[PDB]
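What follows is a single structure, written as structure tokens, with notes after it.
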Amino acid sequence: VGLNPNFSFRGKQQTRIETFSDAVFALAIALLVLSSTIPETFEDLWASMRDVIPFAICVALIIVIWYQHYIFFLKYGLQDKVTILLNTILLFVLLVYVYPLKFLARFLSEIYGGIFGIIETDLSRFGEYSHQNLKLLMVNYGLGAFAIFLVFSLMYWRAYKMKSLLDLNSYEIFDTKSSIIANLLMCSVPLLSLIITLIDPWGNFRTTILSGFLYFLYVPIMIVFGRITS
Amino acid sequence: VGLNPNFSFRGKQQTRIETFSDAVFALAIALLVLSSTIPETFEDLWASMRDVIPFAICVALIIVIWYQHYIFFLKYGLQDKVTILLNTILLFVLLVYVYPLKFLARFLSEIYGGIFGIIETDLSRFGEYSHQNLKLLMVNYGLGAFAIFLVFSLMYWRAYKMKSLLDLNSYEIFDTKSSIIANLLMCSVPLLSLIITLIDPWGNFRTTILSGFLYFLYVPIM
Amino acid sequence: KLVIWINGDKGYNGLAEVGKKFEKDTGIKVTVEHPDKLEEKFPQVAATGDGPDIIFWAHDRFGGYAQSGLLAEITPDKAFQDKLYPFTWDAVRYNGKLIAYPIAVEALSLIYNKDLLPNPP
Amino acid sequence: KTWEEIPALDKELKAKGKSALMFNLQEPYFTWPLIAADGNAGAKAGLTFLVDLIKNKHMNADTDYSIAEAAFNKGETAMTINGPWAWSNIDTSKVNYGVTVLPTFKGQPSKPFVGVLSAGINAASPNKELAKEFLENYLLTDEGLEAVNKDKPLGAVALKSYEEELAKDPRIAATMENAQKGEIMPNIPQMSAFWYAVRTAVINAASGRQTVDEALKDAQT
Ligand SMILES: OC[C@H]1O[C@H](O[C@H]2[C@H](O)[C@@H](O)[C@@H](O)O[C@@H]2CO)[C@H](O)[C@@H](O)[C@@H]1O
């Protein structure tokens with residue numbers, strides 16, 4: 001049922017923090033889709049169906065965050081001020097990046113649409129694709145991703161700080177320690193793009209290519225950390 | 001209380017996946033209605049009252065999905081990655097067909113309104129009803145319905161794959177197997193309309209007319 | 001004395017509790033024995049000596065006993081016959097004669113520790 | 001989490017008719033972690049703090065194993081310093097207890113001495129082979145150590161087969177945490193004279209006879 005067979009799930013009962021959180025995750029994925037205009041004609045209907053690829057990418061991304069949230073609150077059943085604070089920071093970041101994700105997802109769907117040869121529609125709608133704007137694109141979304149994983153690391157550290165109060169066993173202590181490392185390692189990749197973009201070594205699009213290409217190198221580093229624990 | 005007296009309901013306690021899901025079903029049916037503009041004059045009010053027939057159709061359709069969801073999570077109490085994945089795909093499909101259904105329900109509510117003789121308002125409001133558009137319509141809402149029943153079949157198959165972990169008895173195994181068949185049989189009707197509209201045997205409205213008729217004979221064709 | 005031979009991995013204590021209710025309603029003793037290698041000790045002892053009155057084993061060993069003449073033909077009335085599944089009676093039939101009473105179908109399964117292994121092979 | 005924040009906590013608790021920390025001050029094994037937290041300059045720092053606790057009336061002068069144990073189990077003190085063996089008596093009482101890392105002193109951790117409970121055979125015994133049988137085939141077995149452990153906990157057993165059961169216990173985790181922050185005692189013959197030197201030194205400074213500087217002078221000799 002769960003991630004670890006040695007973990008004793010303290011948060012099987014639903015709480016207010018989790019109920020509130022569920023609404024906000026639902027509210028996020030739901031308003032991402034339902035923020036669109038209602039089709040009034042066949043032309044609008046076909047236009048609206050072009051949005052499903054961008055939405056699928058966004059939704060997939062948000063549930064992945066929801067899953068990590070579900071697992072944390074399941075593991076520790078925490079409900080204190082500091083957990084509430086860190087939880088709010090998380091939902092706050094999520095919320096401010098919902099509509100920007102809708103944007104990024106639509107933009108990248110057009111770029112990848114052009115490449116594969118499915119469509120040939122204009123990108124002038126997005127408003128001047130300049131070096132400064134494409135750099136700010138990385139820095140923005142990179143700063144968002146870094147923060148989410150940074151907060152997950154802080155949340156696990158708060159549970160680690162309360163290990164004795166939570167009666168955590170050697171397996172659970174190890175999991176908690178590994179979960180901190182995992183989230184800091186996850187955060188490192190957007191932190192590395194963001195830094196590369198902010199320095200801008202090449203002074204041109206090359207910077208943005210490299211910054212974007214680091215997301216493709218998540219998979220190998222994740223495998224190293226997974227292999228080390230096994 | 002439940003569907004089967006021989007089934008032991010593992011999901012009587014509410015979980016996060018079910019709470020999140022409930023918000024999204026509510027968020028769907030609620031934003032379908034409340035996506036409309038607030039009437040500022042009687043003219044705007046009487047217009048939003050025409051919209052209730054399509055809303056009733058839509059709401060009825062969404063709770064039917066919510067019911068199937070309620071029964072699945074009640075039966076197995078599942079909460080694993082794969083169940084989360086399949087559950088997300090479902091809510092994703094739902095969410096994409098909320099505003100499209102608001103449109104189809106309005107589109108049919110106008111056509112069927114004209115037939116019965118309740119109203120006599122135009123269908124040019126819907127912007128060219130060409131063969132390709134009315135074909136694409138049946139391919140769209142047919143692809144949506146197929147993919148919702150397809151997902152319900154996958155969800156029941158995931159429970160069947162975990163039969164021993166869930167300690168399912170002979171009655172429960174039978175129910176699970178029957179629920180897979182039911183959902184694949186439900187999915188087959190939209191899969192047929194969709195294939196008819198795509199192949200297009202007649203090359204004219206004879207195709208689209210049939211594609212809509214296969215849903216009216218859901219029970220008999222099953 | 002009513003003597004029954006059944007394997008030691010089965011429920012002989014429970015079979016004895018049935019035997020204890022039999023003695024209350026009749027007066028006959030019902031001892032339940034579980035000797036080692038009873039499947040190959042029965043056809044040697046039952047042929048020559050007395051051995052048991054009733055022998056319990058999977059149906060596969062009974063055809064050999066039937067050919068050798070070590071088992072009485074079973075003659076159960078329709079009403080008793082009807083209480084058991086007709087497929088079960090077929091397993092206890094050798095050359096159109098019922099050679100035993102069917103009790104239960106047995107098959108090996110994979111028994112696993114859910115704590116050490118939640119999703120077994 | 002720190003030793004230096006106990007006086008504040010004690011002021012808070014004494015108002016409500018409760019002590020903060022009560023532990024065995026007579027036996028030096030209990031006071032050594034605080035003394036050895038920094039280290040000499042480290043022993044002088046650690047002991048002066050311990051002396052200031054008794055001088056500020058936070059701890060009693062003649063606090064022994066029994067009155068400390070009893071006070072914690074009764075629910076009079078909020079904290080105590082003890083080993084695995086002490087847990088069973090707490091379980092007997094109706095006290096929701098926790099076992100955790102020892103407090104830090106001067107930022108650095110308090111280094112508790114680590115002991116390995118060990119069974120030795122007396123050289124002047126005729127039953128040497130009978131004792132070897134008992135120790136190997138009956139005591140140092142899963143079943144054997146279980147019996148001892150359900151009476152009064154042994155701590156982290158030396159048996160390889162007991163790793164899973166040890167790891168499932170939160171108190172063992174806290175014990176291993178402190179054991180890593182501490183160090184294993186050398187077995188050397190001088191340990192006896194050492195322990196006696198520390199036992200007197202701590203008692204003299206606690207009661208109010210010898211100074212902290214003069215305690216380490218007499219102890220190093
Ligand atoms: O107090 C000094 C004393 O400490 C250690 O003894 C411990 C013993 O190891 C524990 O098992 C526990 O019972 O308490 C004893 C102290 O009260 C040293 O092992 C010993 O040499 C030394 O005298």
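Each chain of the structure tokens is named A, B, ... in the order shown, its residues numbered from 1; ligands are numbered from 1 in display order.
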| task | Using only C-alpha atoms, determine which residues of chain A fall within 12 Å of chain D; present them as a count of residues only. | result | 18
| request: Identify all residues of stretch 31-137 of chain B in helix (DSSP H, G or I) (DSSP on the backbone) and supply them as a VMD selection string. | output: chain B and resid 31 to 34 42 to 50 52 to 76 81 to 96 98 to 116 131 to 137
| Distance query residue C:46 at most 10 Å, only C-alpha atoms, self and fewer than 5 positions along chain excluded, as a PyMOL selection string | chain C and resi 41+51-53+55+65+70-71
Requested write-out: N, CA, C and O atoms of the selected residues, as a PDB file, in the first residue's frame:
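For reference, selection-v6.pdb as written:
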ATOM      1  N   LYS C  41       2.100 -48.547   4.044  1.00  0.00           N
ATOM      2  CA  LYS C  41       1.986 -49.445   5.190  1.00  0.00           C
ATOM      3  C   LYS C  41       0.572 -50.066   5.166  1.00  0.00           C
ATOM      4  O   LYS C  41       0.426 -51.225   5.544  1.00  0.00           O
ATOM      5  N   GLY C  51      -5.263 -54.088  10.269  1.00  0.00           N
ATOM      6  CA  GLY C  51      -5.063 -52.708   9.865  1.00  0.00           C
ATOM      7  C   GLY C  51      -6.216 -51.827  10.292  1.00  0.00           C
ATOM      8  O   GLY C  51      -6.857 -52.119  11.309  1.00  0.00           O
ATOM      9  N   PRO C  52      -6.552 -50.771   9.511  1.00  0.00           N
ATOM     10  CA  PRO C  52      -7.671 -49.918   9.878  1.00  0.00           C
ATOM     11  C   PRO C  52      -8.994 -50.335   9.273  1.00  0.00           C
ATOM     12  O   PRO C  52      -9.041 -51.174   8.382  1.00  0.00           O
ATOM     13  N   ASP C  53     -10.067 -49.729   9.760  1.00  0.00           N
ATOM     14  CA  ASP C  53     -11.415 -49.964   9.279  1.00  0.00           C
ATOM     15  C   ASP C  53     -11.644 -49.053   8.108  1.00  0.00           C
ATOM     16  O   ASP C  53     -12.147 -49.490   7.076  1.00  0.00           O
ATOM     17  N   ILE C  55      -9.623 -45.834   5.830  1.00  0.00           N
ATOM     18  CA  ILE C  55      -8.350 -45.272   5.380  1.00  0.00           C
ATOM     19  C   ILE C  55      -8.588 -43.939   4.676  1.00  0.00           C
ATOM     20  O   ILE C  55      -9.424 -43.861   3.782  1.00  0.00           O
ATOM     21  N   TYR C  65      -5.358 -49.897  -4.532  1.00  0.00           N
ATOM     22  CA  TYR C  65      -5.985 -50.644  -3.455  1.00  0.00           C
ATOM     23  C   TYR C  65      -7.191 -51.419  -4.021  1.00  0.00           C
ATOM     24  O   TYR C  65      -7.381 -52.594  -3.692  1.00  0.00           O
ATOM     25  N   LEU C  70      -8.252 -54.561  -1.810  1.00  0.00           N
ATOM     26  CA  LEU C  70      -8.116 -54.099  -0.438  1.00  0.00           C
ATOM     27  C   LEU C  70      -9.217 -53.117   0.003  1.00  0.00           C
ATOM     28  O   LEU C  70      -9.157 -52.646   1.141  1.00  0.00           O
ATOM     29  N   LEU C  71     -10.220 -52.818  -0.854  1.00  0.00           N
ATOM     30  CA  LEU C  71     -11.298 -51.897  -0.509  1.00  0.00           C
ATOM     31  C   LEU C  71     -12.686 -52.404  -0.852  1.00  0.00           C
ATOM     32  O   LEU C  71     -12.918 -52.894  -1.955  1.00  0.00           O
TER      33      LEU C  71
END
| message | Could you work out which residues of chain B fall inside 12 Å of chain C? Count only C-alpha atoms, and format the result as JSON, numbers by chain. | response | {"B": [161, 162, 163, 164, 165, 166, 167]}
| message | Can you tell me which residues surround residue B:130 at a distance of at most 12 Å, considering only C-alpha atoms, apart from same-chain residues fewer than 6 positions away, and format the answer as a PyMOL selection string? | response | (chain A and resi 42-43) or (chain B and resi 124+136-137+204-205+208)
Residue selection dump (N, CA and C atoms) as a PDB file, in the first residue's frame:
ATOM      1  N   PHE A  42     -18.435  25.942 -32.509  1.00  0.00           N
ATOM      2  CA  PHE A  42     -17.594  24.825 -32.936  1.00  0.00           C
ATOM      3  C   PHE A  42     -16.115  25.201 -33.057  1.00  0.00           C
ATOM      4  N   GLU A  43     -15.844  26.423 -33.484  1.00  0.00           N
ATOM      5  CA  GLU A  43     -14.505  26.975 -33.658  1.00  0.00           C
ATOM      6  C   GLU A  43     -13.764  27.064 -32.320  1.00  0.00           C
TER       7      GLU A  43
ATOM      8  N   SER B 124     -26.865  29.078 -35.503  1.00  0.00           N
ATOM      9  CA  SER B 124     -25.739  29.736 -36.150  1.00  0.00           C
ATOM     10  C   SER B 124     -24.849  30.265 -35.035  1.00  0.00           C
ATOM     11  N   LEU B 136     -16.158  15.643 -36.199  1.00  0.00           N
ATOM     12  CA  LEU B 136     -15.230  15.912 -35.090  1.00  0.00           C
ATOM     13  C   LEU B 136     -15.897  15.944 -33.718  1.00  0.00           C
ATOM     14  N   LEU B 137     -17.153  16.389 -33.660  1.00  0.00           N
ATOM     15  CA  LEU B 137     -17.947  16.428 -32.433  1.00  0.00           C
ATOM     16  C   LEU B 137     -18.100  15.017 -31.839  1.00  0.00           C
ATOM     17  N   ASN B 204     -21.300  11.358 -45.555  1.00  0.00           N
ATOM     18  CA  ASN B 204     -22.264  12.446 -45.365  1.00  0.00           C
ATOM     19  C   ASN B 204     -22.892  12.315 -43.994  1.00  0.00           C
ATOM     20  N   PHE B 205     -23.970  13.053 -43.681  1.00  0.00           N
ATOM     21  CA  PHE B 205     -24.558  13.031 -42.336  1.00  0.00           C
ATOM     22  C   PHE B 205     -25.078  11.672 -41.852  1.00  0.00           C
ATOM     23  N   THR B 208     -22.711  10.612 -39.052  1.00  0.00           N
ATOM     24  CA  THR B 208     -22.892  11.320 -37.773  1.00  0.00           C
ATOM     25  C   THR B 208     -24.204  10.956 -37.062  1.00  0.00           C
TER      26      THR B 208
END
| message | For ligand 1, return the neighbouring residues as an MDAnalysis selection string (distance at most 9 Å; only C-alpha atoms and all ligand atoms). | response | chainID D and resid 24 26:32 65 82:83 85 113:117 185 191:192 195:196 198:199
For those residues, write N, CA and C atoms to a file as an mmCIF file, in the first residue's frame.
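Wrote it out as part_34.cif, contents follow:
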data_model
loop_
_atom_site.group_PDB
_atom_site.id
_atom_site.type_symbol
_atom_site.label_atom_id
_atom_site.label_comp_id
_atom_site.auth_asym_id
_atom_site.auth_seq_id
_atom_site.Cartn_x
_atom_site.Cartn_y
_atom_site.Cartn_z
ATOM 1 N N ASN D 24 21.549 10.137 38.750
ATOM 2 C CA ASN D 24 22.542 9.690 39.717
ATOM 3 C C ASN D 24 23.842 10.497 39.645
ATOM 4 N N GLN D 26 26.110 10.422 42.254
ATOM 5 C CA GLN D 26 27.090 9.685 43.035
ATOM 6 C C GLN D 26 28.039 8.878 42.131
ATOM 7 N N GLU D 27 27.487 8.070 41.217
ATOM 8 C CA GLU D 27 28.255 7.266 40.267
ATOM 9 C C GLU D 27 28.783 8.143 39.113
ATOM 10 N N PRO D 28 30.117 8.178 38.865
ATOM 11 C CA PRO D 28 30.669 9.081 37.836
ATOM 12 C C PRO D 28 30.333 8.802 36.371
ATOM 13 N N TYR D 29 29.869 7.612 36.066
ATOM 14 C CA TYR D 29 29.418 7.183 34.750
ATOM 15 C C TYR D 29 28.270 8.031 34.221
ATOM 16 N N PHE D 30 27.451 8.564 35.122
ATOM 17 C CA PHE D 30 26.319 9.406 34.788
ATOM 18 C C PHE D 30 26.671 10.872 34.585
ATOM 19 N N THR D 31 27.685 11.369 35.296
ATOM 20 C CA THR D 31 28.162 12.743 35.217
ATOM 21 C C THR D 31 29.258 12.951 34.169
ATOM 22 N N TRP D 32 29.951 11.877 33.766
ATOM 23 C CA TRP D 32 31.028 11.908 32.781
ATOM 24 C C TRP D 32 30.636 12.503 31.422
ATOM 25 N N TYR D 65 20.821 6.930 42.446
ATOM 26 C CA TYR D 65 20.051 6.123 41.509
ATOM 27 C C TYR D 65 18.592 5.937 41.911
ATOM 28 N N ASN D 82 19.749 7.803 32.100
ATOM 29 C CA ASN D 82 19.843 6.381 32.414
ATOM 30 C C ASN D 82 20.042 5.506 31.166
ATOM 31 N N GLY D 83 20.215 4.209 31.392
ATOM 32 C CA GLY D 83 20.443 3.221 30.355
ATOM 33 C C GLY D 83 19.265 2.342 30.008
ATOM 34 N N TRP D 85 18.384 -0.697 30.598
ATOM 35 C CA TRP D 85 17.927 -1.400 31.781
ATOM 36 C C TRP D 85 16.826 -0.671 32.572
ATOM 37 N N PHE D 113 30.241 7.472 28.019
ATOM 38 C CA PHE D 113 31.083 6.304 27.857
ATOM 39 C C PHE D 113 30.234 5.126 27.411
ATOM 40 N N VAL D 114 30.780 4.292 26.534
ATOM 41 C CA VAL D 114 30.075 3.156 25.995
ATOM 42 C C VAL D 114 30.582 1.897 26.618
ATOM 43 N N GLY D 115 29.669 1.122 27.171
ATOM 44 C CA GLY D 115 29.959 -0.148 27.793
ATOM 45 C C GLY D 115 29.443 -1.320 27.007
ATOM 46 N N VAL D 116 30.182 -2.409 27.016
ATOM 47 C CA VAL D 116 29.808 -3.651 26.383
ATOM 48 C C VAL D 116 29.580 -4.608 27.518
ATOM 49 N N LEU D 117 28.320 -4.934 27.822
ATOM 50 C CA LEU D 117 28.010 -5.907 28.854
ATOM 51 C C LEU D 117 28.658 -7.198 28.393
ATOM 52 N N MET D 185 35.012 2.460 26.244
ATOM 53 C CA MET D 185 35.983 2.543 27.315
ATOM 54 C C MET D 185 37.125 1.608 27.035
ATOM 55 N N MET D 191 41.779 1.456 34.647
ATOM 56 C CA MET D 191 40.395 1.952 34.670
ATOM 57 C C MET D 191 39.788 2.073 36.079
ATOM 58 N N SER D 192 40.148 1.150 36.978
ATOM 59 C CA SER D 192 39.668 1.102 38.354
ATOM 60 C C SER D 192 40.092 2.320 39.150
ATOM 61 N N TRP D 195 38.366 5.479 37.583
ATOM 62 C CA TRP D 195 36.991 5.635 38.040
ATOM 63 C C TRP D 195 36.869 6.127 39.489
ATOM 64 N N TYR D 196 37.698 5.597 40.393
ATOM 65 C CA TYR D 196 37.740 6.012 41.793
ATOM 66 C C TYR D 196 38.121 7.483 41.907
ATOM 67 N N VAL D 198 37.656 9.849 39.710
ATOM 68 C CA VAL D 198 36.544 10.640 39.201
ATOM 69 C C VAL D 198 35.375 10.604 40.194
ATOM 70 N N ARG D 199 35.117 9.450 40.826
ATOM 71 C CA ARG D 199 34.042 9.288 41.803
ATOM 72 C C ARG D 199 34.201 10.230 42.992
#
| request: Would you mind listing what lies within 12 Å of residue D:139 as number ranges by chain, with only C-alpha atoms counted and same-chain residues fewer than 2 positions away left out? | output: D: 118-119, 131-137, 141-149, 157-159
| field | Long-range neighbours of residue B:75 as JSON, numbers by chain, 9 Å cut-off, only C-alpha atoms, 2 positions minimum in chain | value | {"B": [7, 8, 9, 10, 11, 12, 70, 71, 72, 73, 77, 78, 172]}
For residue B:47, please output as a tab-separated table (two decimals) with N, CA, C and O atoms, in the first residue's frame all residues within 12 Å (counting only C-alpha atoms; exclusion window: fewer than 6 positions along the same chain).
chain	number	residue	atom	x	y	z
B	36	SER	N	-20.60	30.70	-15.65
B	36	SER	CA	-21.47	31.64	-16.32
B	36	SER	C	-21.31	33.04	-15.71
B	36	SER	O	-20.72	33.21	-14.64
B	37	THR	N	-21.78	34.06	-16.43
B	37	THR	CA	-21.69	35.43	-15.96
B	37	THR	C	-22.82	35.64	-14.95
B	37	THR	O	-23.85	34.96	-15.02
B	38	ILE	N	-22.63	36.57	-14.02
B	38	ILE	CA	-23.65	36.88	-13.02
B	38	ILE	C	-24.68	37.77	-13.72
B	38	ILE	O	-24.29	38.81	-14.29
B	39	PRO	N	-25.97	37.42	-13.68
B	39	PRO	CA	-26.96	38.29	-14.31
B	39	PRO	C	-26.95	39.69	-13.68
B	39	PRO	O	-26.91	39.79	-12.46
B	40	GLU	N	-26.87	40.74	-14.51
B	40	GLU	CA	-26.91	42.13	-14.06
B	40	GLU	C	-28.24	42.78	-14.45
B	40	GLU	O	-28.53	43.90	-14.02
B	41	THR	N	-29.06	42.08	-15.25
B	41	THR	CA	-30.36	42.56	-15.68
B	41	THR	C	-31.26	41.35	-15.89
B	41	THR	O	-30.77	40.22	-15.99
B	53	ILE	N	-31.35	23.39	-18.53
B	53	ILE	CA	-31.53	22.09	-19.17
B	53	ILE	C	-30.14	21.55	-19.52
B	53	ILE	O	-29.78	20.54	-18.94
B	121	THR	N	-35.00	29.25	-31.35
B	121	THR	CA	-33.80	30.09	-31.47
B	121	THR	C	-32.77	29.43	-32.41
B	121	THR	O	-32.78	28.21	-32.60
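Here is the contact set of chain C against chain A, at 9 Å and counting only C-alpha atoms: residues 115, 116, 117 and 118 of chain C.
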May I have a table of the residues of chain A lying at most 10 Å from chain B, giving each one's closest pair of atoms and their distance in Å to one decimal, counting only C-alpha atoms, ordered by chain and ascending residue number, as a tab-separated table?
residue	atom	partner	partner_atom	distance
A:1	CA	B:80	CA	5.5
A:2	CA	B:80	CA	6.6
A:3	CA	B:80	CA	8.5
A:12	CA	B:15	CA	7.8
A:13	CA	B:15	CA	7.7
A:14	CA	B:15	CA	6.5
A:15	CA	B:16	CA	9.6
A:18	CA	B:16	CA	7.4
A:19	CA	B:19	CA	7.0
A:20	CA	B:20	CA	9.6
A:21	CA	B:20	CA	8.7
A:22	CA	B:20	CA	4.8
A:23	CA	B:23	CA	5.9
A:24	CA	B:20	CA	8.8
A:25	CA	B:20	CA	7.4
A:26	CA	B:24	CA	5.4
A:27	CA	B:27	CA	7.2
A:28	CA	B:24	CA	9.8
A:29	CA	B:24	CA	8.3
A:30	CA	B:24	CA	6.3
A:31	CA	B:27	CA	8.2
A:32	CA	B:95	CA	9.4
A:33	CA	B:95	CA	6.4
A:34	CA	B:31	CA	7.1
A:35	CA	B:35	CA	8.6
A:36	CA	B:99	CA	8.5
A:37	CA	B:99	CA	8.0
A:38	CA	B:99	CA	5.3
A:39	CA	B:103	CA	6.1
A:40	CA	B:126	CA	6.2
A:41	CA	B:126	CA	3.9
A:42	CA	B:127	CA	5.7
A:43	CA	B:127	CA	6.7
A:44	CA	B:127	CA	9.0
A:45	CA	B:100	CA	6.5
A:46	CA	B:136	CA	8.5
A:48	CA	B:100	CA	8.1
A:49	CA	B:96	CA	7.9
A:51	CA	B:96	CA	8.6
A:52	CA	B:96	CA	6.6
A:55	CA	B:92	CA	8.2
A:56	CA	B:92	CA	7.0
A:59	CA	B:92	CA	7.2
A:60	CA	B:88	CA	7.8
A:63	CA	B:88	CA	7.4
A:64	CA	B:85	CA	9.4
A:66	CA	B:20	CA	9.4
A:67	CA	B:84	CA	8.2
A:70	CA	B:16	CA	7.1
A:73	CA	B:16	CA	9.9
A:74	CA	B:16	CA	9.4
| request: Just give me the gap between atom CA of residue A:135 and atom CA of residue A:182 in Å, one decimal is fine. | output: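 Computing it gives 27.0 Å between the two atoms.
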| query | Which is closest to residue C:102 among C:9, C:90, C:40, C:50, if we use only C-alpha atoms? | reply | C:90
| task | Using only C-alpha atoms, pick whichever of D:78, D:70, D:202, D:45 has the shortest atom-to-atom distance to residue D:93. | result |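 Nearest to residue D:93: D:70.
Atom to atom, atom CA of residue A:111 and atom CA of residue B:132 stand 27.3 Å apart.
As for atom CA of residue D:152 and atom CA of residue D:88, they are spaced 5.6 Å apart.
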| field | Of the listed residues A:226, A:185, A:134, A:139, that which approaches residue A:206 most closely, counting only C-alpha atoms | value |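 Smallest distance to residue A:206 is found for A:134.
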| said: DSSP on the backbone: which residues in chain D end up as strand (DSSP E or B)? Give the answer as a ChimeraX atom specification. | reply: /D:2,19-21,77-79,104-105,108,113-114,183-184
Got time to write the residues from that selection, N, CA and C atoms, as a PDB file, in the first residue's frame?
ATOM      1  N   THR D   2      20.185  21.414  24.450  1.00  0.00           N
ATOM      2  CA  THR D   2      21.392  21.928  25.088  1.00  0.00           C
ATOM      3  C   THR D   2      21.294  21.889  26.628  1.00  0.00           C
ATOM      4  N   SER D  19      10.651  19.235  39.263  1.00  0.00           N
ATOM      5  CA  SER D  19      12.069  19.372  38.952  1.00  0.00           C
ATOM      6  C   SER D  19      12.244  19.235  37.445  1.00  0.00           C
ATOM      7  N   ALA D  20      13.382  19.672  36.896  1.00  0.00           N
ATOM      8  CA  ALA D  20      13.664  19.550  35.471  1.00  0.00           C
ATOM      9  C   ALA D  20      14.397  18.262  35.182  1.00  0.00           C
ATOM     10  N   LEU D  21      15.542  18.079  35.841  1.00  0.00           N
ATOM     11  CA  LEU D  21      16.418  16.939  35.683  1.00  0.00           C
ATOM     12  C   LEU D  21      16.918  16.378  37.007  1.00  0.00           C
ATOM     13  N   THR D  77       9.973  14.685  38.270  1.00  0.00           N
ATOM     14  CA  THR D  77      10.985  15.283  37.399  1.00  0.00           C
ATOM     15  C   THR D  77      10.634  15.061  35.918  1.00  0.00           C
ATOM     16  N   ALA D  78      10.912  16.058  35.084  1.00  0.00           N
ATOM     17  CA  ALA D  78      10.639  16.024  33.652  1.00  0.00           C
ATOM     18  C   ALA D  78      11.669  15.240  32.852  1.00  0.00           C
ATOM     19  N   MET D  79      12.881  15.078  33.394  1.00  0.00           N
ATOM     20  CA  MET D  79      13.979  14.387  32.745  1.00  0.00           C
ATOM     21  C   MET D  79      14.826  13.542  33.706  1.00  0.00           C
ATOM     22  N   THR D 104      23.585  18.879  24.541  1.00  0.00           N
ATOM     23  CA  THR D 104      24.884  19.363  24.103  1.00  0.00           C
ATOM     24  C   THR D 104      25.380  20.388  25.101  1.00  0.00           C
ATOM     25  N   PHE D 105      26.695  20.503  25.280  1.00  0.00           N
ATOM     26  CA  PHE D 105      27.312  21.474  26.174  1.00  0.00           C
ATOM     27  C   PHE D 105      28.436  22.187  25.437  1.00  0.00           C
ATOM     28  N   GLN D 108      29.138  21.512  21.385  1.00  0.00           N
ATOM     29  CA  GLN D 108      29.578  20.143  21.162  1.00  0.00           C
ATOM     30  C   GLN D 108      28.713  19.145  21.942  1.00  0.00           C
ATOM     31  N   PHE D 113      30.241   7.472  28.019  1.00  0.00           N
ATOM     32  CA  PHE D 113      31.083   6.304  27.857  1.00  0.00           C
ATOM     33  C   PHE D 113      30.234   5.126  27.411  1.00  0.00           C
ATOM     34  N   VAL D 114      30.780   4.292  26.534  1.00  0.00           N
ATOM     35  CA  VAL D 114      30.075   3.156  25.995  1.00  0.00           C
ATOM     36  C   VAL D 114      30.582   1.897  26.618  1.00  0.00           C
ATOM     37  N   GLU D 183      32.219   7.219  23.313  1.00  0.00           N
ATOM     38  CA  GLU D 183      33.300   6.338  22.929  1.00  0.00           C
ATOM     39  C   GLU D 183      33.414   5.151  23.855  1.00  0.00           C
ATOM     40  N   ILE D 184      33.864   4.022  23.309  1.00  0.00           N
ATOM     41  CA  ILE D 184      34.037   2.790  24.054  1.00  0.00           C
ATOM     42  C   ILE D 184      35.191   2.971  25.030  1.00  0.00           C
TER      43      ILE D 184
END
